[PDB]
Structure formats: C-alpha cells, structure tokens
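Q: Could you work out the structure for the sequence below:
(5 chains, ligands or ions: 2)
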Amino acid sequence: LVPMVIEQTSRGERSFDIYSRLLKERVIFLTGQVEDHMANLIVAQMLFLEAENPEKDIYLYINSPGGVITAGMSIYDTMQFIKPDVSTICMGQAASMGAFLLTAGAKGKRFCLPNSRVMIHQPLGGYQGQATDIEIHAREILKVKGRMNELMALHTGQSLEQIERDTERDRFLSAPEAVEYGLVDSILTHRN
Amino acid sequence: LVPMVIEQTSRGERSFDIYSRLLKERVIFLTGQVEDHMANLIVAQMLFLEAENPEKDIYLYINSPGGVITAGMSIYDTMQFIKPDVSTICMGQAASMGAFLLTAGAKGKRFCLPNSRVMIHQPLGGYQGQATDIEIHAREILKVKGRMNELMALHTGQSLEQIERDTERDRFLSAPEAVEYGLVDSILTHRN
Amino acid sequence: XXXXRXXX
Amino acid sequence: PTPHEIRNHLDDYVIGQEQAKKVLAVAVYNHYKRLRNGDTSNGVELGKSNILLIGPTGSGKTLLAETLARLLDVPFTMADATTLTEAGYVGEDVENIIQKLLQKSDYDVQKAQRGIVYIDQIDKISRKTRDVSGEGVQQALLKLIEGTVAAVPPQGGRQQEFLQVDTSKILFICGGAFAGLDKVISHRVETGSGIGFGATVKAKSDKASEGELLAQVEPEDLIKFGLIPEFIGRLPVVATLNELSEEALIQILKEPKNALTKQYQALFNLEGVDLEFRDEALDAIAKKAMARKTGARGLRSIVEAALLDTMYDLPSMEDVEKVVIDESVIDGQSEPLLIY
Amino acid sequence: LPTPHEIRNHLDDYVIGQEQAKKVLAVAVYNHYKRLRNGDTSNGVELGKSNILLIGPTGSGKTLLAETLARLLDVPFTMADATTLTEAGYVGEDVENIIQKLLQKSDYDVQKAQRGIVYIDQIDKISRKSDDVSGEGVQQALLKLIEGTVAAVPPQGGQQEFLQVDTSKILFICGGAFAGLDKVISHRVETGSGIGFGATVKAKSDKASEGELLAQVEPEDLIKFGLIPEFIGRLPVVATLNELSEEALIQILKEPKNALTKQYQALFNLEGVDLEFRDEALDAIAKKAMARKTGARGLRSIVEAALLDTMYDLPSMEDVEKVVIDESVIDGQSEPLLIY
Ligand SMILES: Nc1ncnc2c1ncn2[C@@H]1O[C@H](COP(=O)(O)OP(=O)(O)OP(O)(O)=S)[C@@H](O)[C@H]1O
Ligand SMILES: Nc1ncnc2c1ncn2[C@@H]1O[C@H](COP(=O)(O)OP(=O)(O)O)[C@@H](O)[C@H]1O
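A: Numbering: from 1, shown residues only, chains lettered A, B, ... in the order given. Ligands and ions are numbered 1, 2, ... in the order given. The relevant structure is shown in the block below.
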C-alpha cells in the first residue's frame, strides 16, 4: 500500500502518491535489488526531470543491497550524459553496485548518513559448459572488473592499484572513512 | 482491504484511505517486519511532513517483530536529522530493531502501552565461504553490535557496560520496567 | 439605491 | 528646500521610518525642481515625479502628510475617497477637491498649481443596480494625474465662468493601507518549498512578515488587487513603511508632548495626586502592543486596561499623595503600590 | 496623413529590437485610417476591418507600441485587462465597462471615438479549460463586439437618453503572452524532442531565442492552446516579438530620447551639474533584470534604489560638477565617485 497526499495548488486540489510527490521535486528512490526493470524505470525518471528543468540539481537516494551489473551501468552512463548534477545520498546500505552509483554523483554533492554503511567487492559470476565457452565468459567478467575499478578511481581520486587491492574481497567502509576515502564529500548529520 | 473515509472540508468533500487520513495529521504507521521496501516508504513520509510543517510534533506508532538492521538504521538517522520531535509509541510488541527506533524518539515524548512488551537481543547474521571472508563479516557485525549498544546507552542514559550484559541474550521488558530503564518516559493508560 | 447582485 | 533639513524636522514628529523619509525628500525636491526651472531640457517627456505610500495601520501616514504641510510653505489638502461619488451624485464629486485646494491657497492660481495633494483609504476604490464608489472613481482621478485642465467656478458661481487651472504641475500622494496585499506578494516570492534533505524548509514565518515584503513589490501585483494599470503607471515611485519598532514605542510615550503618559498625568493632577511611570513599565508595554498588531492607535487599550482598578478605587482612597506603577502592574498579577 | 516609413522612424525612436512588428502595425494602422478618410464614397461599400493580435514575451514593449502610437496619432487610447472579465452577468465583470472606458478619454465623442484604438492584456488567461465563466464562454461575447455593433452609453453619466456609438470602425489590438506555446508548435513544425536522448534538450533557454519558432506560428496551433478558431478568424493580422536582449537594454537606455538615463541627465542640467553613466554599469542592470524574470518593467527599482543616497545628498553637497557610477555601486558594495 502507498499513502496518498494532497498538494495544495492555486488551480485546485490534487491527489498524489507519496512516491510521485517527491518526483515532482526532482527526487528519485532506488530501493531493493538492481534489476533490468527497476533500472529501466529510474532512467525514464531522470529524462523526465531533464526536460522539465535542465539547470536544477537532481537528488538520488540509494538504499539497495546491489544486483546485476549491466542494469546498474545504464544508470551511471545516464547520469554522466545529462547536464544536471545528480546528487547521491546513501541510506541504510550501499553494496558494490550501489556504491558505484553513489560515488558516480556530481563532485561536491555526495553525502552519506552518519550510520550508513558502504560495501565493495569484485564482480560475481559463473558459467557451465565447454572449456572454450568458460574462457570467453571469464575474459568478459575480467574486463568489467578492470573497467569498474578504473571508473571507481576516477571519481574517488584514488589510484588504480589501491582499488585493485581493496576490491579483492569484501570491504566495509563506515561513514567517516568514506569521506577520507574520497567516496563522498560530507555527512548530513543535522539540518542547518 | 482498506476502508475509505470522507474528510469534510470547506472546499468540498474528499475521499481518503484510513492510512492517508492519519498521514495528514503527522501520523505514520510502522507495521510488520522492517525491510528495505517498508523502510524506504516511511522515510518519504517523514520528509513530506517536514516540508509541510517543521515545528509540529510527529507521532510514530510501532508494532513490529523487527527485521533487517540496515533497513532500520535509515529511519533512525532520519528522525535525528529532521528538526521536528518524532514521538514514538509501542503497540503490541517492539523487537530489537523496533526497540532501537522506539528509544531513539525525542526525550520526553516516548510512551509505551500498559500491556506492551519490548524485547532486545544481539544482532543476528551468518555467512558461508572461505575462512578469510568469515573473518571480514564477523568484524563488521561486531562493529554494528558495538555501535548499536553505544546509541542505546545515549538515549536510555544507562552505561555501555550495562547494555552489553543485558543484550548478550534475549531480554523481555514489561511496560513498567521500561520506564525505570530509561527506555521510555511514561505510560498512556487513560485519556485525561 | 440598493443593488441586489448575486451569482449562482 | 533642503533634504537634510526636511528630514530633521520630520524626525521630531515621526519615528521608525528612516528609508521612507529619504524617499519623500527626493521626490518632493524633484517635484519643485521641475516647476521653477524645468521643462527647458534637451530631452523631452521628463517623467512626472509622484509618490505612492503603502504601510500598515497606525504607521503614521497621516502624521507624515500633516508634518509636511506645516513645514512646507505652499498649502496642503487631505482629501479621502471614502465618500467620493462620481458623476456629480448626492454624496460628493471629485471637483470639490480642486475647490478645497483654492480655499487653502486663497484663490491663488499661481500658488495653487504648486500645491500638494494627499489621499487616504485608496484601497476602498478597488474595482469589484449600479456602482458609485467603485471603479468609477479611478476614471475621474486618472484624468487628474495624467494631466488635464478642469473648470471650477470661482466663488461657486454668482455668467457661467470657470477657472482653467492646470493640474499636471500639482503633486499627488496616493496612500492607504492595502489589506490582503501580502498573500499576493507571498506567492511570487515564495516560489514553492523543497522537500528533500538538501533543500531548505521555511518556518512558520521568516520572510512572510509585513516588513521586508513591500519593498520588493512590483506594479503587476497591484493589478490583481483591483487597481487600473494606467493609474499605477503614473506613479513609478513607491514608499514602504515598517510596521513598528520596540524602541520607538518607548520614545513615543516620552518625547512627544501628546504622549499618553502625559495625558493621564494631567487627569490626576487636577485631583491633587501625582503620577509616575518607571522605565521598566514602558518597555513591558511595547511587547504587548506589537502582539495586538494595531500600532500606536491601539496603545491606549493596554494602558487603561491596567489602570482600571487604579482609577476606580482611587477616589474612595484618601492620603494617596503619589502612585507608582511597577513592571508587575502591567502583568496584572500585582496591584500598583500606593505612596502616602 | 502619415506614411508607413514616417511612422516607422517615430516608432523606432521609442521602440527597438522589433522590426517585423513595426511593419505590421504601420501598414495596418495606415490602411485602417485610410478607410475612415475615404469612408464608403468609392464603388466599394462596407469596407471590412482588419484587427491585430499581438503575441510576445512579457515586458517586451507590447504596451509601449500602443502608447507611443497614441501620442503621434493623437487619437484616444485605453488599456483594458481581460483577467477580471467574466461570462455575461457574474460577480467579476461584464463587457459593457470596456465601451465606456474609450469614451472616458474625452467624455464627449460622436464622430471621434469611432476612430479610437483599444488594447487588451492577458488574453491567454481566458483559454478554454477542458476538464465555464473564465474559459470559452468569455470569447463568445467578444465575437459580436469586435465584428462591430452599437452599445448604449450615458455620456458623462448624466437627460433620459443614451448615445449610440459604432464599433466596426474601432480597431482592436489584443495583446498578450502565450507561455508554453513553444512545445505545441515545436512538435508540429520543427521536431518532437526535449525528453529523449537523441532528441534535442531545451539547453538553449537563454542562449538562443524562442522567437524564431513563434514566427512560424499559425492559427491552427492557437486552437490547441484553447482559443476558438472563430475568435482568431476575426484577427487575421499577427505580430510576433522575438525576445529581449542584454545589449538591447543598454541601447534602450541610450538610443531612445525618453531613456531613463537621459531623464536624470536633464534633471541636473538646470542645477548646473554634469551626470555620467558608464557602459560598465549598464551591463550589470541587464543581469539583475533577467534574474527577476520581469524584463524592462523591473528597471526603475534598480535605478531608483541605487541613486537614493546620491540624490538625497546632491542638494546638500556643493562644488560638485560631475557624478560617476561604477559596476560595483550597482551591486551595493561601493559608493559612486564624486568629482569637484
Ligand atoms: N510615526 C508615528 N510617530 C509617533 N506617533 C505615531 C506615529 N504613527 C502613529 N502615531 C500615533 O498614533 C496616532 C494615530 O496615527 P495615524 O497616523 O492617524 O495612524 P494611521 O495609520 O495613519 O491611520 P490610518 O490607517 O491612515 S486611518 C497619532 O496621533 C500618534 O499618537
Ligand atoms: N524598446 C523599449 N524601449 C523602452 N522601454 C521599453 C521597451 N520595451 C519595453 N519597454 C518597457 O516595458 C514596459 C511596458 O511593458 P509591456 O509592453 O506592458 O509588457 P507586456 O508586453 O507584457 O504588455 C514600459 O514601462 C517600457 O518602459
């Protein structure tokens, strides 16, 4: 169930769902696992806000345990293509792909909650078949791992060698450490 | 099914669901297990009420057997970030995570029903894999347990040493004991 | 003198 | 005429509006600067300098106009539009105002054209069997401002002779408290409010107060109220007056000779009893006055409401040489102390 | 008597940046008055009238073109607003008021008010809402009015009689701004875009002028906006202002003889003091004007607020022959330089 709200306007009264009201203010919600359907829905939201106003900052709240890589990369390329600065905020948790979209936000407009947690690891996969086919899928996932580390260094500012060592296994980063790591800019403790 | 109600206003008659009607009065319902979808919905409700009025108290009724920790911490940080005082009430039961959001309410505006029950225990988890990976996930859940005890002491006023001993195993606390324990402020027996 | 102006 | 001296004299009778006094000195000086040696310029269509006052109730609009008339040498008029019925109806007509101006100037056309005009309660003429005091008054006044020569019978008419006194040279000061003029300005300036974390949320009242809201007004906002755009076009100048200040309330009761404290003092001096008001009681009164949102006009309520018991019991009381009013008296919890 | 080339120069003197609009109004008003001089003495009888419909941004000088025209033409002019207008008998307004307004210029017109001009503002506000006393209904009443008719009008308000005045001869100029009309015409003529990846985004909000698209406007697009085609058929002439420009604003204060910069220059000429306005100060005013989304209308607020201190102190100050204004002064961080 979704609660309905009333937006008082000069023309009259209108009824909106809680998710649609925030969309009017250039706010998008990323909840649950990242899949092809959920990822394709957020892309349409960004384009809609671009046409309404290309000079206003967009805010993306992320609370997700991660998911498919290909579904997440469609969002990353979209944020970089459009002119507006996509601000990112981490609520609850940010897994491997959730962390990549978090750091991919506009520089200086990235925040993490005081008790939020980020986790990063290497891509996961698998295949069953002939040895010739296993070699093909192995080379492909290796390129993605290298590509995902290259982009992570670009936004975080760290070196590619550091990302390779830190992403070999699961690595949890508290909210203060994320700032020191270049992943985010500040923490939104209180409203000033 | 959700019953529909009519809110008599000067402009005209409007039809609302029972949950949406209470939302207009700064009332949010926390029902069932705490997950990423249910938690992300309540956050949007709090932000909507902040914009409508930042000086009016919010009331949060909690009836939940607990759930995911990361989903619950997103709600806790939100209550502390916003300026309005989030009043909390315990109806039926308040588990480990439900109790943390209960005590996290504004001091002096926390209540528990005469027959309500609170339960607190340590974080639950598990992992399957190499020994190197088990050590990583073990250190992470240990930090959360330590972090959850530090915040529990901050709002309850007890010492960190006391919370560690009381949270080693499941501990049920009746409504009268919760007041003596600093978890809540009073009991709403009757309407005066 | 007196104007009775009303609209439905 | 000196802007530095006209402001010094107005400071004696008016307090709390420093910006508005600067505006009037410039517009008033520019009005006469054109009449004496103006309209001999290389560039044509020199804009007529006018004044448009806007402020809340009890903001001293009437006092500013009055203080100007006494200071100024030429004559001055106070002609409200409350009863201004157009087309020569039973109530009144706009022509009488021209007539009253001559009475102040003693039928001096050379001296009357250099006069000043002020109108109060201009909100009441806002456009809404027939309407007499509605939009019709704007039409008659509009000709008076844009510029036109009218016909006034000297001495009322013994012949049918009229005086063709110019009007473009006479100044006009349209001023009156506009009720509801804050919600319209609020819509434009507010521009909505954000809902997310980074966006700032407005409080109950931060910039929605009367002060600092009229300075950013624009001519298009007044059109929605009911006024005609052509009428506002002829008055590019605007004067925004602050509601009040806490310090000014303390000065109004002490420096002016007509202060309320001095009024009640003489009321008891005839009875053979003294009166006193300590400074701790004055500042307490100012806090209660601003809460009423009525101005200096609503100040007598706080005084008589406190001295009700003090005045009713007084006659029966004997040996009360002097009465002292403590800060507690304003609260009402403790009665005023009596001096024997 | 005038010609399109002669009136073009006069219009150019007071208006700039609108070249196509000058030729439209010139030939329209030229042929309109030609029909009045010749009447119907020629073989042709009942010469039809050609109405004018202006569409452009806000504060783009639409009203100035009609006001400056009345000065040179010398015919009576009125500035009516259609926002208050209501559908035949409601609380807000009735169309009858517009007819008297034109007569109000001279208050006595038999064969003189027929040749007058009328202007209307905010025509888009009465667009037919498709979800009425605000929508379509209002347009139906104006059809017969524009087509020409006679309305009873008490001259001066008073006789037991009313005067008949024709309105076929009277030309109408419906001015207004049609916001959002770019999206309707863009999908129809240039391209369907703004939301897709390959589709062009609205990046050129201020980099490029929307005007060029408005030039390709047709009556069919106006139907989707909400107007009635029957209403647009009565107004075959179309005028399209393109935009307002930052450099134009600098020219608006220098090229027109009635520029605000020149008024202050003439004010101090009789005083025996020189005035100056550097180019580095005018460009800053353009940024503040566009920032408030008001155009040239919100210009005096920036000028009068800056020169309030200088004008107030200029009479007091002596041995000052020149005044210099800098860009910093417009921001408010600096004080203008004074030369003795
Ligand atoms: N600026 C002021 N300085 C001192 N006393 C003031 C001032 N304004 C008002 N008062 C006091 O309040 C009384 C009434 O002031 P008014 O100027 O008549 O109020 P007002 O707002 O002009 O009335 P309206 O709205 O025009 S009918 C004066 O006689 C003074 O005693
Ligand atoms: N070319 C120009 N030269 C001087 N002033 C101009 C020019 N264009 C517009 N203005 C200013 O714009 C104002 C009129 O705006 P207007 O045309 O009524 O707006 P709208 O087009 O919305 O009706 C006038 O006060 C005038 O000074």
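
Q: what about whichever residue of the stretch 51-200 of chain D sits closest to chain B, which helix or strand?
A: As assessed by CB to the nearest CB, chain B sits closest to residue D:195 within the stretch 51-200 of chain D, at 4.3 Å. Bear in mind the C-beta positions are built from the backbone N, C-alpha and C, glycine included. Applying DSSP states H and E as the criterion places residue D:195 outside every helix and strand.

Q: Can you list the residue ranges for strands in the chain?
A: In the absence of a named chain, chain A is used. With DSSP state E applied, chain A shows strands at A:4-8, A:13-17, A:27-31, A:58-64, A:86-94, A:110-112, A:118-120, A:171-173, A:186-187, listed in chain order.

Q: The chain in question should be chain D.
A: Assignment of strands within chain D using DSSP E yields the ranges D:51-54, D:76-78, D:116-119, D:171-175, D:239-240, D:274-275, D:322-324, D:337-339.

Q: tell me what the first one is packed against?
A: In other words, strand D:51-54. helix D:18-37, strand D:171-175, strand D:239-240 (3 or more CB pairs under 8 Å, 6 or more residues apart in numbering or on different chains; DSSP states H and E).

Q: For chain A, which residues are neighbours of chain B?
A: By the criterion of CB under 8 Å from any CB of the partner chain, the positions of chain A lying close to chain B are A:1-6, A:13, A:18-19, A:21-22, A:29, A:31-32, A:61, A:63-65, A:91-93, A:113-117, A:169-172, A:174, A:188-191.

Q: So residue A:68 sits against residue A:38, correct?
A: No: distance between residue A:68 and residue A:38: 9.7 Å, which falls outside the contact criterion (CB atoms under 8 Å).

Q: Please say which of the two ends up with more neighbours.
A: Comparing residue A:68 with residue A:38 by other CB atoms under 10 Å in any protein chain shown, the one with more neighbours is residue A:38, at 17 against 14.

Q: What about the nearest residue to that one once chain neighbours are set aside, how many residues nearby?
A: Counting by CB to CB, 6 or more residues apart in numbering or on different chains, residue A:32 is the residue found nearest to residue A:38 once chain neighbours are left out, at 6.6 Å. The local packing count at residue A:32 equals 15, with neighbours defined by other CB under 10 Å.

Q: how about CSV for the helices and strands packed on strand D:51-54, with distance to chain A and mean neighbour count added?
A: Shown next, in CSV, are the helices and strands packed on strand D:51-54 (distance: least, CB to the nearest CB, whole Å; neighbours: other CB atoms under 10 Å in any protein chain shown):
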stretch, distance to chain A, mean neighbour count
helix D:18-37, 31, 18
strand D:171-175, 29, 22
strand D:239-240, 26, 22
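
Q: right, so of those, which gets closest to chain B?
A: Go through the helices and strands packed on strand D:51-54 one by one with CB to the nearest CB and the one that ends up closest to chain B is strand D:239-240, at 28.5 Å.

Q: Just checking: what are the partner strands of that closest one?
A: When pairing is defined by DSSP bridges, strand D:239-240 lines up against strand D:51-54 (parallel).

Q: is the strand it pairs with anywhere near ligand 1?
A: No: where contact is defined by CB under 6 Å from any ligand atom, no part of strand D:51-54 touches ligand 1; the two come within 9.5 Å at best.

Q: Please state the offset of that strand from the chain centre?
A: Using CA atoms, centre = their mean, to the nearest Å, the mean C-alpha position of strand D:51-54 is found 9 Å from that of the whole chain.

Q: hang on, the earlier thing: what about the strands of chain D, which gets the closest to ligand 2?
A: For the strands of chain D, the distance to ligand 2 is smallest for strand D:51-54, at 15.6 Å, taking CB to the nearest ligand atom.

Q: Residues touching that closest one, excluding its own?
A: Outside of strand D:51-54, the residues within contact range by CB atoms under 8 Å, 6 or more residues apart in numbering or on different chains are D:20, D:23-24, D:27-28, D:61, D:64, D:171-178, D:181, D:214, D:217, D:232, D:235, D:237-241.

Q: Check stretch D:275-291 too.
A: Outside of stretch D:275-291, the residues that reach it under the criterion CB under 8 Å, 6+ apart are D:243-244, D:246, D:249-250, D:253-254, D:261, D:264-265, D:268-269, D:296, D:298-299, D:302-303, D:322-327, D:329-331.

Q: mind listing what's buried in stretch A:9-24?
A: Neighbour-count burial for stretch A:9-24, counted by 16 or more other CB atoms under 10 Å in any protein chain shown, picks out A:16, A:18-19, A:21-22.

Q: So which of the strands of chain A is nearest residue D:107?
A: strand A:4-8 (60.0 Å; CB to CB).

Q: returning to what we had before: reformat the strands of chain A into TSV and put distance to residue E:292 next to each item.
A: As requested, the strands of chain A are exported to TSV (distance: least, CB to CB, whole Å):
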stretch	distance to residue E:292
strand A:4-8	25
strand A:13-17	29
strand A:27-31	27
strand A:58-64	25
strand A:86-94	27
strand A:110-112	32
strand A:118-120	43
strand A:171-173	46
strand A:186-187	32
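
Q: Which one of the ones you listed lies nearest to chain C?
A: Nearest to chain C among these is strand A:13-17 (22.1 Å), distances taken as CB to the nearest CB.

Q: helices or strands next to that closest one in the packing?
A: If contacts are counted by 3+ CB pairs under 8 Å, 6+ apart, strand A:13-17 sits against strand A:4-8.

Q: hang on, the earlier thing: I'd like the buried residues of stretch A:9-24 laid out as CSV, including distance to residue A:42.
A: CSV is the format used below for the buried residues of stretch A:9-24 (distance: CB to CB, whole Å):
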residue, distance to residue A:42
A:16, 19
A:18, 17
A:19, 12
A:21, 17
A:22, 13
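
Q: Looking at the residues you listed, which is nearest residue A:133?
A: Distances from residue A:133 to these, taken by CB to CB, are shortest for residue A:19, at 42.3 Å.

Q: roughly how far apart are the closest one and residue A:3?
A: Plainly put, residue A:19 is 10 Å away from residue A:3 if you go by CB to CB, to the nearest Å.

Q: now swap in residue D:301 and tell me
A: Counting by CB to CB, the gap between residue D:301 and residue A:3 amounts to 47 Å.

Q: residues in the stretch 201-340 of chain D within reach of ligand 1, list them.
A: Listed as neighbours of ligand 1 in the stretch 201-340 of chain D under the rule CB under 6 Å from any ligand atom: D:252, D:296-297.

Q: which one of the residues you listed is nearest residue A:138?
A: Set against residue A:138, the nearest of those by CB to CB is residue D:296 (87.2 Å).

Q: Now do the contacts for residue D:174.
A: With contacts defined as CB under 8 Å, 6+ apart, residue D:174 is in contact with D:50-53, D:119, D:122, D:235.

Q: Nearest to chain C within chain A, name that residue for me.
A: Using CB to the nearest CB, residue A:12 is the residue of chain A that sits closest to chain C, at 19.5 Å.

Q: Between the two ends of stretch D:64-82, how far is it?
A: Across its full length, stretch D:64-82 reaches 20 Å end to end, with CA to CA, to the nearest Å as the criterion.

Q: Oh, that last question was meant for stretch D:4-23, not what I typed.
A: 12 Å.

Q: gap between the residue lying closest to residue A:172 once chain neighbours are set aside and residue A:171?
A: Take residue A:172 and drop its neighbours on the chain: the residue closest to it by CB to CB, 6+ apart is residue B:140, 4.7 Å away. Using CB to CB, one gets 10 Å for the distance from residue B:140 to residue A:171.

Q: Good, we can wrap up now.
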